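Heads up, the thing below is written out as structure tokens.
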Amino acid sequence: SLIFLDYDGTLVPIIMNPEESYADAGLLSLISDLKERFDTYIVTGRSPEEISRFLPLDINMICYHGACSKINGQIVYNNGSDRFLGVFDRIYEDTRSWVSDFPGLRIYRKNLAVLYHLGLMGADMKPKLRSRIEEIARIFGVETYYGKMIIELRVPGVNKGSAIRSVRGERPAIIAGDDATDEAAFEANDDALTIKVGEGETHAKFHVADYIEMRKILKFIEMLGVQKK
Ligand SMILES: [Mg+2]
Ligand code: NA
Ligand code: NA
């Protein structure tokens, strides 16, 4: 059957340095085993280049919250998102210097998104930075996402739920995630086995404490298949 797994905060912990989130041997073994028994999909806001190096396994992925997928190794742009490739290049070029204007600010460039991390930044200039980002968004016609210590410019209309729905249709599936974008995905796929990771109110059918418990559940599902055959 199908299994859709969010990456950050679901399979790995949320950390201050997101560029370091490579999968450890434990996760590599778990997913390696899991993909042998289930059609496995990593669903993330990360790019295919990121997940590909973080988790170098033979699995499918829905990236950028659905703007691009990597299926059977093929980079597949969805909803004509490739029309935005030149846009994000320009956005990065015109805003990369902000790292000096706002010491502490970190900018993560991706083909279809530019993520501004305010984690190490001073509090005082955040409202100013936020307004600058929104201005760039209006200028280039892109969409702005506000997360925890994060502000990301992305392709308008991306939606994890819709992307997942599009793949599974009505087929049975497991869907796991840790934040609002996943909560929304559960809503768009409420007939699936929804799993919430972390604290907070949720409508998921099952709930786990953290990525460690999440991994344990996946570990168990694997053992179930070993007996099942
Ligand atoms: Mg997450
Ligand atoms: Na992470
Ligand atoms: Na976690």
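If you go along the chain as it appears here, the first residue is 1 and each next one adds 1.
Cβ from N, Cα, C; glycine included.
Listed in Swiss-Prot for this protein:
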- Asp6, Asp8, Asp178: Mg(2+) binding site (BINDING)
- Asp6, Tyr7, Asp8: substrate binding site (BINDING)
- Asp6: active site, nucleophile (ACT_SITE)
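Ranking the binding-site residues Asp6, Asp8 by how many Cβ atoms sit within 10 Å of each one's Cβ puts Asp6 at the top.
Ligand 2 lies within reach of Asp8 from the binding-site residues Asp6, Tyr7, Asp8, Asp178, judged by a C-beta closer than 6 angstroms to any of its atoms.
Sequence-distant contacts of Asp178 (Mg(2+) binding site), defined as residues of its own chain at least six apart whose C-beta falls under 8 angstroms from its C-beta, comprise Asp6, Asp8, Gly9, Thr10, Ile14, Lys196, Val197, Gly198. Around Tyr7 (substrate binding site), the C-beta neighbours below 8 angstroms that are at least 6 residues distant in the chain are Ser21, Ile42, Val43, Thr44, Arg46, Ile51, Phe54, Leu55.
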